[PDB]
Amino acid sequence: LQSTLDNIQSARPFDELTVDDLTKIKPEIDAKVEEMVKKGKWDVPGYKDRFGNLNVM
Amino acid sequence: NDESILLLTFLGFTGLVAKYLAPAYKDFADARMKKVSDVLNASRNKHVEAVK
Amino acid sequence: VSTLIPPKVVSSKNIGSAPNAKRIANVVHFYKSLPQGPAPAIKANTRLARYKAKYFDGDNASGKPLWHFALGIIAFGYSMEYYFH
Amino acid sequence: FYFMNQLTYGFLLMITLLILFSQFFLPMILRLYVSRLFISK
Amino acid sequence: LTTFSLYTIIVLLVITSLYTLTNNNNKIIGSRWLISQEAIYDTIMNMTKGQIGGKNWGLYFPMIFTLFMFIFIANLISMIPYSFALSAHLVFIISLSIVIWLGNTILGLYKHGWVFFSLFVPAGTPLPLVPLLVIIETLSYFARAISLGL
Amino acid sequence: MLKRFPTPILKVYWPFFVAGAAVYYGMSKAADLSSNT
């Protein structure tokens, strides 16, 4: 816990981390994302529950 | 001429867009930027609290 | 019945199976994270890339970044009409 | 006249966009949203 | 050379660049310019899963996200001093209209097949009145091409 | 940045493509028969 927090209090690059590098940090992210769009469904249960979809403006 | 009136009107339309659509698109981009920023910051500081 | 070790049974299971799963996701998430926004790679310039990393870059993202395409296509089309009409 | 000059020459992009965007365009937003969901959990 | 290739070249150069170049480094934060896609794609998916709701939502939603932008980009050549969205001819809508209608009839014929005679009558008008309803269902199917075509 | 994920349109978008091929063939035939130009 102490080391993870030390890797948290200044080691969460929430702005300039590569997007696909999340699949590098999360080994199943790549597989599931390929799996998620692969079968045909392009939606996930609340993929944006805390985010907005927005119109053109 | 055949390709003149539209050429002169292109800058007029662009200025018309800059009058409203430029700041409008700026506001739309900034609002979503701050919304996603808060959405990621809350998740981060909540995972920090979960580790705590 | 008699004496035992009620506390020492933390061997058979660690506290918080759900908190353990959350913390294990936390370890992989925080460890495999950039030190401070590492790996940017913004600049690029090769024939068209000198325009891509400059004009399609989000430092401005204003209206002129798209309007450069309109000005250029107008330059092309005026010569197109000259060679055509 | 000019019929076999933009029919296939235009629909080529229509045929190609299926392989282009689906592995290229929507992949970006899908992976980004899924990763943001991972951070949400 | 050929003028049609030069006309399609703008699409061939914009389609890949607007997503492989407008984004900074393919970052998840959603750039100020990248806010455009960040707003458009989600509204697109909203309708896609919405209007095609059910297990048919995932059947061709990516096809929708694809097919939507082709015509919109091709018609973007309208405000230039010599503007030309497909050289004032643009036979392209003919390609996308009747072929898509025949694809609908195939989705009724390849997946739905012989049940294709069980859709033209939405509610009633049985054998005593089926032909009149089919007489306008046929017109609707025929003209759905021209409604999105031209 | 850019990847090529396994997008199934070969066994998913086969029917529309086949119909479009038939339409292109009909257009070629009408370029010689119906329109005779």
# chains A, B, ... in the order shown; residues from 1 in each chain; ligands from 1
call {"tool": "residues_around", "arguments": {"residues": "residue 19 in chain C", "least_positions_apart": "6", "cutoff": "10 Å", "atoms": "only C-alpha atoms", "output": "PyMOL selection string"}}
result
(chain B and resi 50-51) or (chain C and resi 25)
call {"tool": "interface_residues", "arguments": {"of": "chain E", "to": "chain C", "cutoff": "8 Å", "atoms": "only C-alpha atoms", "output": "PyMOL selection string"}}
result
chain E and resi 17-18+21-25+31-34+80-83
call {"tool": "write_last_selection", "arguments": {"atoms": "N, CA and C atoms", "output": "PDB file, in the first residue's frame"}}
result
ATOM      1  N   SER E  17      -6.394  11.477 -42.089  1.00  0.00           N
ATOM      2  CA  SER E  17      -5.669  12.515 -41.359  1.00  0.00           C
ATOM      3  C   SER E  17      -6.481  13.089 -40.204  1.00  0.00           C
ATOM      4  N   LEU E  18      -7.785  13.311 -40.403  1.00  0.00           N
ATOM      5  CA  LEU E  18      -8.585  13.965 -39.372  1.00  0.00           C
ATOM      6  C   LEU E  18      -8.633  13.167 -38.073  1.00  0.00           C
ATOM      7  N   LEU E  21      -4.153  12.584 -37.419  1.00  0.00           N
ATOM      8  CA  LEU E  21      -3.343  13.790 -37.285  1.00  0.00           C
ATOM      9  C   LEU E  21      -3.964  14.873 -36.417  1.00  0.00           C
ATOM     10  N   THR E  22      -5.286  15.053 -36.457  1.00  0.00           N
ATOM     11  CA  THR E  22      -5.915  16.099 -35.653  1.00  0.00           C
ATOM     12  C   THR E  22      -5.717  15.835 -34.164  1.00  0.00           C
ATOM     13  N   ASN E  23      -5.795  14.572 -33.758  1.00  0.00           N
ATOM     14  CA  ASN E  23      -5.418  14.189 -32.407  1.00  0.00           C
ATOM     15  C   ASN E  23      -3.926  14.420 -32.212  1.00  0.00           C
ATOM     16  N   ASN E  24      -3.537  14.741 -30.978  1.00  0.00           N
ATOM     17  CA  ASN E  24      -2.147  15.104 -30.719  1.00  0.00           C
ATOM     18  C   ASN E  24      -1.221  13.907 -30.903  1.00  0.00           C
ATOM     19  N   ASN E  25      -1.377  12.880 -30.067  1.00  0.00           N
ATOM     20  CA  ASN E  25      -0.602  11.651 -30.196  1.00  0.00           C
ATOM     21  C   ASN E  25      -1.474  10.429 -29.940  1.00  0.00           C
ATOM     22  N   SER E  31      -8.435  16.414 -27.089  1.00  0.00           N
ATOM     23  CA  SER E  31      -7.924  17.752 -27.373  1.00  0.00           C
ATOM     24  C   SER E  31      -9.023  18.749 -27.722  1.00  0.00           C
ATOM     25  N   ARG E  32      -8.682  20.041 -27.701  1.00  0.00           N
ATOM     26  CA  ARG E  32      -9.648  21.083 -28.039  1.00  0.00           C
ATOM     27  C   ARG E  32     -10.153  20.917 -29.466  1.00  0.00           C
ATOM     28  N   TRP E  33      -9.240  20.664 -30.406  1.00  0.00           N
ATOM     29  CA  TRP E  33      -9.660  20.234 -31.734  1.00  0.00           C
ATOM     30  C   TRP E  33     -10.325  18.865 -31.688  1.00  0.00           C
ATOM     31  N   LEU E  34      -9.782  17.942 -30.893  1.00  0.00           N
ATOM     32  CA  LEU E  34     -10.346  16.603 -30.788  1.00  0.00           C
ATOM     33  C   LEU E  34     -11.684  16.586 -30.065  1.00  0.00           C
ATOM     34  N   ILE E  80     -16.477  27.077 -52.184  1.00  0.00           N
ATOM     35  CA  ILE E  80     -15.267  27.589 -52.840  1.00  0.00           C
ATOM     36  C   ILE E  80     -15.663  28.486 -54.007  1.00  0.00           C
ATOM     37  N   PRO E  81     -14.803  29.418 -54.431  1.00  0.00           N
ATOM     38  CA  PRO E  81     -15.143  30.266 -55.587  1.00  0.00           C
ATOM     39  C   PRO E  81     -15.392  29.484 -56.860  1.00  0.00           C
ATOM     40  N   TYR E  82     -14.777  28.313 -57.012  1.00  0.00           N
ATOM     41  CA  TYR E  82     -15.125  27.368 -58.061  1.00  0.00           C
ATOM     42  C   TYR E  82     -15.574  26.028 -57.487  1.00  0.00           C
ATOM     43  N   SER E  83     -16.401  26.057 -56.440  1.00  0.00           N
ATOM     44  CA  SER E  83     -16.722  24.861 -55.667  1.00  0.00           C
ATOM     45  C   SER E  83     -17.378  23.794 -56.530  1.00  0.00           C
TER      46      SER E  83
END
call {"tool": "select_by_dssp", "arguments": {"residues": "chain E", "states": "helix (DSSP H, G or I)", "output": "short mmCIF file (atom, residue, chain, number, x, y, z; two decimals) with C-alpha atoms, in the first residue's frame"}}
result
data_model
loop_
_atom_site.label_atom_id
_atom_site.label_comp_id
_atom_site.auth_asym_id
_atom_site.auth_seq_id
_atom_site.Cartn_x
_atom_site.Cartn_y
_atom_site.Cartn_z
CA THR E 3 -10.18 14.90 -62.69
CA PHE E 4 -12.26 12.33 -60.80
CA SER E 5 -9.17 10.95 -59.05
CA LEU E 6 -8.24 14.47 -57.97
CA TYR E 7 -11.80 14.95 -56.72
CA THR E 8 -11.67 11.78 -54.61
CA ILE E 9 -8.12 12.60 -53.48
CA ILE E 10 -9.39 15.16 -50.97
CA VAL E 11 -11.42 12.43 -49.24
CA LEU E 12 -8.53 9.98 -49.47
CA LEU E 13 -6.32 12.55 -47.73
CA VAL E 14 -8.80 13.86 -45.14
CA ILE E 15 -10.40 10.62 -43.91
CA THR E 16 -7.19 9.19 -42.44
CA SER E 17 -5.67 12.51 -41.36
CA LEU E 18 -8.58 13.96 -39.37
CA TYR E 19 -8.25 11.05 -36.92
CA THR E 20 -4.57 10.16 -37.33
CA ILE E 35 -13.45 17.79 -28.94
CA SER E 36 -15.11 17.72 -32.36
CA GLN E 37 -14.92 13.93 -32.63
CA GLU E 38 -15.43 13.70 -28.87
CA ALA E 39 -18.87 15.24 -29.38
CA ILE E 40 -19.82 13.80 -32.79
CA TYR E 41 -19.08 10.10 -32.29
CA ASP E 42 -21.11 9.81 -29.08
CA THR E 43 -24.20 11.40 -30.62
CA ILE E 44 -23.67 9.08 -33.59
CA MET E 45 -23.61 6.01 -31.33
CA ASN E 46 -26.68 7.31 -29.50
CA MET E 47 -28.77 7.12 -32.66
CA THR E 48 -26.99 3.98 -33.88
CA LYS E 49 -27.87 1.87 -30.85
CA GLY E 50 -31.14 3.79 -30.62
CA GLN E 51 -32.70 3.61 -34.07
CA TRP E 57 -27.95 -2.53 -33.19
CA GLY E 58 -24.54 -4.18 -33.29
CA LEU E 59 -25.11 -5.73 -36.70
CA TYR E 60 -24.16 -2.64 -38.72
CA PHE E 61 -23.57 0.27 -36.31
CA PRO E 62 -19.94 0.51 -37.51
CA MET E 63 -21.30 0.55 -41.05
CA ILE E 64 -23.43 3.52 -39.98
CA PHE E 65 -20.48 5.38 -38.46
CA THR E 66 -18.77 4.77 -41.80
CA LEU E 67 -21.53 5.51 -44.30
CA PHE E 68 -22.63 8.70 -42.53
CA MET E 69 -19.44 10.66 -43.20
CA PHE E 70 -18.92 9.76 -46.88
CA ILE E 71 -21.68 11.93 -48.34
CA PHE E 72 -21.09 14.70 -45.79
CA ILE E 73 -17.44 14.94 -46.78
CA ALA E 74 -18.15 14.61 -50.51
CA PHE E 92 -22.78 8.77 -56.36
CA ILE E 93 -26.16 8.95 -54.59
CA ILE E 94 -27.45 6.51 -57.21
CA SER E 95 -24.80 4.05 -56.01
CA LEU E 96 -25.78 4.40 -52.34
CA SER E 97 -29.57 4.42 -52.80
CA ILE E 98 -30.91 1.45 -54.77
CA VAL E 99 -28.07 -0.84 -53.71
CA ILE E 100 -28.87 -0.14 -50.05
CA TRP E 101 -32.57 -0.76 -50.72
CA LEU E 102 -31.68 -4.11 -52.30
CA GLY E 103 -29.52 -4.78 -49.25
CA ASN E 104 -32.59 -4.20 -47.09
CA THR E 105 -34.54 -6.65 -49.25
CA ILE E 106 -31.61 -9.07 -48.80
CA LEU E 107 -31.65 -8.62 -45.02
CA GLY E 108 -35.25 -9.68 -45.50
CA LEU E 109 -34.12 -12.40 -47.94
CA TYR E 110 -30.72 -13.58 -46.65
CA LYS E 111 -31.49 -13.48 -42.92
CA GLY E 113 -35.75 -15.07 -46.23
CA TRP E 114 -39.16 -16.51 -47.02
CA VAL E 115 -40.68 -14.49 -44.16
CA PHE E 116 -40.23 -11.48 -46.46
CA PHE E 117 -43.95 -11.61 -47.27
CA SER E 118 -44.71 -11.02 -43.57
CA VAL E 130 -53.76 -6.88 -48.20
CA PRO E 131 -53.13 -5.79 -51.83
CA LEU E 132 -54.00 -2.14 -51.20
CA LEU E 133 -51.58 -1.94 -48.27
CA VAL E 134 -48.87 -3.72 -50.27
CA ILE E 135 -49.50 -1.22 -53.10
CA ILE E 136 -48.21 1.61 -50.89
CA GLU E 137 -45.60 -0.45 -49.07
CA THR E 138 -44.04 -1.08 -52.48
CA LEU E 139 -44.05 2.65 -53.21
CA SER E 140 -42.43 3.32 -49.83
CA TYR E 141 -39.66 0.79 -50.41
CA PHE E 142 -39.11 2.10 -53.93
CA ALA E 143 -38.95 5.75 -52.87
CA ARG E 144 -36.82 5.21 -49.76
CA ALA E 145 -33.91 5.14 -52.20
CA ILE E 146 -34.83 8.52 -53.68
CA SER E 147 -35.52 9.90 -50.18
CA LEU E 148 -31.82 9.46 -49.34
#
call {"tool": "closest_atom_pairs", "arguments": {"of": "chain A", "to": "chain B", "cutoff": "8 Å", "atoms": "only C-alpha atoms", "output": "Markdown table"}}
result
| residue | atom | partner | partner_atom | distance |
| --- | --- | --- | --- | --- |
| A:1 | CA | B:51 | CA | 6.6 |
| A:5 | CA | B:51 | CA | 7.1 |
| A:8 | CA | B:48 | CA | 7.0 |
| A:9 | CA | B:48 | CA | 7.9 |
| A:12 | CA | B:44 | CA | 7.8 |
| A:14 | CA | B:40 | CA | 7.2 |
| A:50 | CA | B:39 | CA | 6.4 |
| A:51 | CA | B:36 | CA | 6.4 |
| A:52 | CA | B:32 | CA | 7.5 |
| A:57 | CA | B:28 | CA | 5.8 |
call {"tool": "interface_residues", "arguments": {"of": "chain D", "to": "chain C", "cutoff": "12 Å", "atoms": "only C-alpha atoms", "output": "PyMOL selection string"}}
result
chain D and resi 35+38-41
call {"tool": "write_last_selection", "arguments": {"atoms": "N, CA and C atoms", "output": "compact mmCIF listing (two decimals), in the first residue's frame"}}
result
# COMPACT_ATOMS: atom_id res chain seq x y z
N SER D 35 -11.00 2.29 -21.89
CA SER D 35 -9.94 2.56 -20.92
C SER D 35 -10.43 3.52 -19.83
N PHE D 38 -12.27 1.60 -17.47
CA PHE D 38 -11.38 0.87 -16.57
C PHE D 38 -10.95 1.74 -15.41
N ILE D 39 -10.61 3.00 -15.68
CA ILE D 39 -10.27 3.93 -14.61
C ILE D 39 -11.49 4.20 -13.74
N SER D 40 -12.69 4.06 -14.31
CA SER D 40 -13.91 4.31 -13.55
C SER D 40 -14.22 3.15 -12.61
N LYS D 41 -13.54 2.02 -12.79
CA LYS D 41 -13.77 0.85 -11.94
C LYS D 41 -12.52 0.49 -11.14
call {"tool": "residues_around", "arguments": {"residues": "range 34-37 of chain F", "least_positions_apart": "4", "cutoff": "8 Å", "atoms": "only C-alpha atoms", "output": "list in words"}}
result
residues 1 of chain D; 29 and 30 of chain F
call {"tool": "closest_residue", "arguments": {"among": "E:91, E:79, E:120, E:86", "to": "chain F", "atoms": "only C-alpha atoms"}}
result
E:91
call {"tool": "closest_residue", "arguments": {"among": "F:4, F:24, F:10, F:33", "to": "chain E", "atoms": "only C-alpha atoms"}}
result
F:24
call {"tool": "closest_atom_pairs", "arguments": {"of": "chain A", "to": "chain D", "cutoff": "8 Å", "atoms": "only C-alpha atoms", "output": "tab-separated table"}}
result
residue	atom	partner	partner_atom	distance
A:19	CA	D:32	CA	6.1
A:20	CA	D:31	CA	7.1
A:22	CA	D:35	CA	6.1
A:23	CA	D:35	CA	7.4
A:29	CA	D:35	CA	6.8
A:30	CA	D:31	CA	7.8
A:33	CA	D:31	CA	6.0
A:37	CA	D:30	CA	7.8
A:42	CA	D:30	CA	7.7
A:47	CA	D:37	CA	5.8
A:48	CA	D:33	CA	7.1
